[PDB]
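Presented below is the structure to which this report refers.
Written out as structure tokens, the structure reads:
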């Protein structure tokens, strides 16, 4: 029993760390669309029009 | 292809779903992080009780039980020492995510801030082209598209 | 074809960008793994220090002798990390001009 | 998890030791400069 | 039954006589050290 409780204990900690990263990638991934004109993916193409 | 401009609003519309979902997640992290501290506190408190009972065991010359009581406490001492260090290191675990998130919000607000400014600039131009495009029909006879053709009749 | 060629070009560049991260992922991963190993050696080294205390030098020999296994493993990996630094430098130099 | 953080810093200028020095130094100058005005005003 | 227990100990570091000695000794030191504080405090 002493193992499972600690095994279950750390289970949740790293799920947060993972779910922390999935946000970091997405905000940066979407920030790729809203970039500093390095890629000109979305905003700068509009500035062309 | 679709007008990429329209997606911008949809993208941020779904963006807040992730951010609020993030906000929920971080709390569950500190929920357990501090939970172990209380659990540690109970364990060491039990060890204190065992330590106290050993103190009572020592009294009246019954050192035999104190050995068991102190010996019993060693089990929780190791368990206490194990968890105490885990709590200490988990502090930096919650620090980085806190450092991760704090920078997060300041960007989105400014990102959303300039979103609207350039939409106006775009919508400013779509009018300029159209008024000039229609002004092509109402021209100075360079093209004679609409008015001058009438003058012919 | 020019437009098609660059259209497929970005696929390679973005695929490149993904690849380089996996490289540093492991490169730094060994450092942590090295850190754990040497930390274990420190624990064995510490236990040898405890073994020395009270005159029980016999265990310290085993503990220190035990640490020698990880010392060699530590020395082996430490040098690998040092040389792998230049491995990631050139690719970084490769990509930056890219 | 680690790869995506690196992707962010790749797309980022990771604050160099120079800008860390400059930002710290200018902060060290800012705190001192802000302090300097106060230390002089009080007399 | 026996093979799977061995598999567990294989995937385990079976506590060596050294760590058994150390854990017993440090326990012997822990009980003594915990005892030492008490034997001194009572006087």
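Chains as they are written, first to last, in my numbering: chain E, 1 to 49; chain F, 1 to 153; chain V, 1 to 98; chain A, 1 to 43; chain G, 1 to 43. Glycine included, every Cβ here is placed at the ideal spot set by N, Cα and C.
The Cβ atoms of residue 100(F) and residue 24(E) sit closer than 8 angstroms to each other. Using a Cβ distance threshold of 8 angstroms, residue 18(G) and residue 62(V) count as a contacting pair.
Taking C-beta atoms as the reference points, residue 8(F) and residue 85(F) fail to come closer than 8 angstroms. Beyond the five residues adjoining it in sequence on each side, residue 5(F) comes within less than 7 angstroms, by CB distance, of 122 in the same chain, given in chain order. The distance from the Cβ of residue 42(F) to that of residue 77(F) is about 14 angstroms, inconsistent with a contact at the 8 angstroms cut-off. The C-beta distance from residue 4(A) to residue 31(E) rounds to 12 angstroms, too long to fall under 8 angstroms, and the pair is not in contact. For chain F, the residues of the region 4-31 of chain G that bring a beta carbon within less than 7 angstroms of one of its beta carbons are 27, 30 and 31, in chain order. Think of a sphere of 8 angstroms around the beta carbon of residue 59(V): the chain G residues whose beta carbon falls inside it are 18, 21 and 22, in chain order. In the structure shown, residue 140(F) falls within a coil segment according to DSSP collapsed to helix, strand and coil. The distance from the Cβ of residue 7(A) to that of residue 28(E) is about 7 angstroms, consistent with a contact at the 8 angstroms cut-off.
Residue contact check for residue 35(G) against chain F: a CB pair falls below 8 angstroms.
Rounded to the nearest angstrom, the Cβ distance from residue 56(F) to residue 70(F) is 12 angstroms, too far for a contact under 8 angstroms. C-alpha of residue 1(F) to C-alpha of residue 82(V): approximately 50 angstroms in a straight line. Against residue 17(E), the close residues of chain A are 1, in the order they occur along the chain (beta-carbon pairs closer than 9 angstroms).
By the beta-carbon neighbour count (other beta carbons within 10 angstroms, threshold 16), residue 36(A) is exposed. The C-alpha of residue 6(V) lies about 14 angstroms from the C-alpha of residue 98(V). When secondary structure is reduced to three states using DSSP, residue 17(G) falls in the helix class. For residue 42(F), no CB of chain E lies under 8 angstroms from its own CB, so it is not counted at the interface with that chain. The beta-carbon distance between residue 7(E) and residue 29(F), rounded to whole angstroms, is 18 angstroms. This is too long to meet the 8 angstroms contact definition. Sixteen is the threshold: since fewer than 16 other Cβ atoms of the shown chains lie within 10 Å of the Cβ of residue 48(E), the residue is exposed.
In this structure, the CA atom of residue 12(V) is about 20 angstroms from the CA atom of residue 35(E).
Following the DSSP letters along the chain, one finds residue 53(F) inside the alpha helix (DSSP H) bounded by residues 4-58. Residue 31(G) sits close to residue 74(F), with the two beta carbons spaced by under 8 angstroms. Nearest to residue 54(V) by alpha-carbon distance, out of 39(G), 38(G), 29(G) and 43(G), is 29(G). Interface annotation, residue 46(V): not in contact with chain G, CB-CB separation never under 8 angstroms. Contact with chain A is absent for residue 44(E), since none of that chain's Cβ atoms lies less than 8 angstroms from the residue's Cβ. Residue nearest to residue 39(V) within the set 25(V), 74(V) and 18(V) is 74(V) (criterion: CA-CA distance). Annotation: residue 88(V) to residue 43(A) spans about 57 angstroms, alpha carbon to alpha carbon. Chain G has no Cβ within less than 8 angstroms of the Cβ of residue 83(F). Burial is judged here by how many other beta carbons sit within 10 angstroms of a residue's own beta carbon; residue 66(F) has at least 16 and is buried.
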